[PDB]
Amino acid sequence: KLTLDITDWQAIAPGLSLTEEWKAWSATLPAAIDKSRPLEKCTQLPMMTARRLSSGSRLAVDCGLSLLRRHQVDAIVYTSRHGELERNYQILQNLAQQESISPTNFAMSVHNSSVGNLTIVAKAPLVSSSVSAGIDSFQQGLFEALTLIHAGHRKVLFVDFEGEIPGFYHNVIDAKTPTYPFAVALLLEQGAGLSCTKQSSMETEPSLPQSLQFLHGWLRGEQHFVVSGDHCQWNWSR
């Protein structure tokens, strides 16, 4: 079980970037993404910088920068299930084809390249962490954020993201697995505005990413909402 306050947010997904788009979407059931809808451009990064980051990373760094411009934060946690899968796939293809690897592509393939690049671009020498936990990367990553609040970091920037899943992998992932890029940034603080308890579930491979299940339920404003994971669920209450 965990309790926290969430005091600000910034998010981007196919067809969803403006506050009014997110609010309208939270009013709609079921919670769903059309992967054919366009993504908005990065607003805090020069286009050359944005286009050199991967499809998910650029959104995650942009959303993080938006919150760093509005708040003094003490620590940063990024979460991603698939991490830099596009770069990993490119490098595994370089190895298969006996082609040279780009040193920048390799350096940026580390899971923490998004949070690392954010600290460099924002000149922000803050404690940083980067978490992966399969389907439950978002929910388990909140425990990493809570360890940093426990250790005395008052305001923790928390960003969940994925890049596009290369078509190569579509035959080895579940038919339900989301394959589009998105990012959800939250500003976390010590408090009891929200509580979350974990339970067993019969569900797995949700069709909507956990951070977007969360944002839908949180923006919709009902007293109780559920985030589904890997044969578990996360019971949120206001």
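Residue indices: 1-based, along the sequence shown.
The question of which stretch, 189 to 197 or 54 to 62, has the higher mean Cα B factor is settled in favour of 189 to 197. Per the PDB record, of the two stretches 27 to 35 and 165 to 173, 27 to 35 carries the greater mean B-factor over its C-alpha atoms. Set against one another, the Cα B-factors of 144, 136, 99, 86 in the record reach their highest point at 99.
The PDB entry assigns residue 210 a C-alpha temperature factor belonging to the lowest third of its chain's modelled residues. Sort the chain's modelled residues by C-alpha temperature factor and residue 9 lands in the lowest third, per the entry. Per the PDB record, residue ranking by Cα B-factor puts residue 73 in the highest third of the chain. Per-chain ranking of the deposited C-alpha B factor places residue 153 in the highest third. Ranked against the other modelled residues of its chain, the C-alpha B-factor of residue 183 as given in the entry falls in the lowest third.
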